[PDB]
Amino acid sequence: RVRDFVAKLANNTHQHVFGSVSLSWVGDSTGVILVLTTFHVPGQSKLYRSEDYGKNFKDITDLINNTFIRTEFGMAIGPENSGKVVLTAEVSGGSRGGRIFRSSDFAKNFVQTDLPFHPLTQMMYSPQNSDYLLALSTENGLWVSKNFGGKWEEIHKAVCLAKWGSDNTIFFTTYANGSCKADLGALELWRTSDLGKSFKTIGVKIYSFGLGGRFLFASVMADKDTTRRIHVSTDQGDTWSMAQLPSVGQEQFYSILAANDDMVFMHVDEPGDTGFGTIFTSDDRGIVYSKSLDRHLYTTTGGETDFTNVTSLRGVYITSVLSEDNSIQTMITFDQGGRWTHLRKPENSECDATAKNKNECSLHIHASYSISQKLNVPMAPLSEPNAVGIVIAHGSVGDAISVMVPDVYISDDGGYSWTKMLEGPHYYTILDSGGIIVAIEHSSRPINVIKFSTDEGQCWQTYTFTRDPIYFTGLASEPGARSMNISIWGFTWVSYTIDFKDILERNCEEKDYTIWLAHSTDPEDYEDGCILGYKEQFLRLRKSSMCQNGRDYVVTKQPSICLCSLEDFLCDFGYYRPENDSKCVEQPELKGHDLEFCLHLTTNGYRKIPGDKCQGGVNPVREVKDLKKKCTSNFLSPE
């Protein structure tokens, strides 16, 4: 519903003409884009650079000296504004050392450097400092560089896996003899804070390790069995604590679904080839775990899962579960995994063939699992933190995820309500923190048009961006959903970057924004909107208003602190919540893995949900008590 839109886009539209193809953005608010193509012909690499968000590209294959670049390593991009770019070149079969090309000037100038080893993994930038780097050689050697790749010293041999921690710390696992596969479950976990000068052994009998938020996790194998269990440390391995999670076997796996400063979402595989597991939410120490969701779909250790952080609203997560019927259903939690429920269906929607009742059903979302089964899904769900409460996803309306070709649904309130956005599979992108949505029909045949909306998917305009139809491949836009430049890629290889600057000529002002209470279920109630003990009220751009938010737009929100209630605490170890009300109570006797933990000790009977900011009201935390005597009450033990 924008007048004379065609005129504005026509001048703004820009076109550029150009094996294995990869595109990497460099920095924020720089517009630097690198495109790398390699082809194997019985074979040279091509590199392009753009400083205008992809409107124009300049060939810079001269800087790489026509050297072949290995696709597997890809293009290593430096942290935020470092501008560092590293490409791993291919070298002669007999070369003693590897060769890489590096740049620190956002790829304007590249310097060739030979290496003392052959890289086995991609070089990883240290988060605290861009200059520091680490890599693993073909001989499982760990090399570190303090000069952005000029000089590499082998700090330690036989490293199975290495990762960057906070403050330039390095954690790695080593194998005493043979190969990592031989020493599975017998590895040693080491840490060095001095860039290899000094080493500290923080674990033995290690299977693997992981990092999430503050937490550092390590899986340790039993002495008398194959089974392994998780141990957690918040002090970089100086002290360790067992995690109240079940032990698993070699067939089973552990996966960190999501982690942050407050807590972690942990997935434990069920015994057998079920293809599903249970989700556990931790406390602020990562030690005590609450069962959140049953029969959560996860194919294998590196397999597909539909678990999705809805990044546009606090505490909202979406995933898929396998019912006993062997049908897949989509579940959503609005309170960080405290309760899970079915997504509400759009009001003007018809239940499909999967529904028992024609007028009652739910909305189900197509994510990574649907894509892996070769369903007609071109994109997983999309959400951005800048665009408050907006979720866009492919889905079906019924009792379960259906095989039929899907339509696109949008939510403007963080997942509480939905409406059909477009018919049939599409590609979508969010721009200007929600100021514009852009969409691209997915078809077998070429396309010549791009669709855009300025009222959060409620209405759309159709604009033709080319004379000649192209075969659509993908969309590229600056990470962070703050630019107004979108790029359409396809072959007849071409790329039309549209700029929407003219469409939103007017910048936004106070009057454009309006007040919106997030998480509002019942507007009359004092407690309405309390999630994790507090409410958030937002200023968001009115749907009718069509103005640019700007690159420096700031989400404005004010927090209201609710009164603590029992619902803001979870049961500590040794307590459970009966089906009756919600007061935590001490279990008759611990069983299963709960008994394993016994043989954190002090239990308050209640602990505050991590991330919960409620103040005042009830405090149910009890004086610290010890259940060890209760635990060993049944065991005869020596004097």
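Here, rigid core means the biggest group of C-alpha atoms that superpose within 1.5 Å across both forms. From 1 onward, residues are counted along the sequence shown.
Engineer: Superpose by the rigid core: which stretch, 323-331 or 297-305, shows more Cα shift in 6 other deposited structures of this protein?
Structural biologist: The more displaced stretch in 6 other deposited structures of this protein turns out to be 297-305.
Engineer: Is 620-628 or 8-16 the stretch whose C-alphas end up farther from this model in 6 other deposited structures of this protein after a rigid core fit?
Structural biologist: It is 620-628 that deviates more in 6 other deposited structures of this protein.
Engineer: Indicate yes or no: is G592 absent from the model in at least a third of the other PDB entries of this protein that were compared?
Structural biologist: No; none of the other entries leave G592 out.
Engineer: Would you say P42 is commonly dropped, meaning unmodelled in a third or more of the other compared entries that have residues on each side of it?
Structural biologist: Yes, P42 lacks coordinates in at least a third of the other compared entries.
Engineer: Which class fits the unmodelled deposited stretch between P42 and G43: none, 1 to 3, 4 to 9, or 10 or more?
Structural biologist: In the deposited sequence, 4 to 9 residues between these two have no coordinates.
Engineer: Could you bin the unmodelled part of the deposited chain lying between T492 and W493 as none, 1 to 3, 4 to 9, or 10 or more?
Structural biologist: Missing residues, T492 to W493: 4 to 9.
Engineer: Averaging only over Cα atoms, indicate whether 85-93 or 371-379 has the higher B-factor in the PDB entry.
Structural biologist: Per the PDB entry, the higher value belongs to 85-93.
Engineer: Averaging CA B factors per stretch from the PDB record, which one is higher: 279-287 or 349-357?
Structural biologist: So the stretch with the higher mean C-alpha B-factor is 349-357.
Engineer: Just grab whichever of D105, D432, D412, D335 has the top CA B-factor as deposited.
Structural biologist: Within the set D105, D432, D412, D335, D105 shows the top C-alpha B-factor.
Engineer: From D528, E478, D238, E423, can you pick the one with the highest C-alpha B factor in the entry?
Structural biologist: Top of the list by C-alpha B-factor: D238.
Engineer: With respect to C-alpha B-factor, does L293 fall in the lowest, middle or highest third of the chain as deposited?
Structural biologist: It belongs to the lowest third of the chain when residues are ordered by C-alpha B-factor.
Engineer: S402: which third of its chain by C-alpha temperature factor?
Structural biologist: Lowest third of the chain for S402's C-alpha B-factor.
Engineer: Check where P385 lands among this chain's C-alpha B-factors and tell me if it's the lowest, middle or highest third.
Structural biologist: Within its chain, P385 is a lowest-third residue by C-alpha B-factor, going by the deposited values.
Engineer: Sorting the chain's CA B-factors, does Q461 end up in the lowest, middle or highest third?
Structural biologist: It falls in the top third of the chain.
Engineer: C-alpha B factor of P578, ranked within the chain: lowest, middle or highest third?
Structural biologist: Within its chain, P578 is a highest-third residue by C-alpha B-factor, going by the deposited values.
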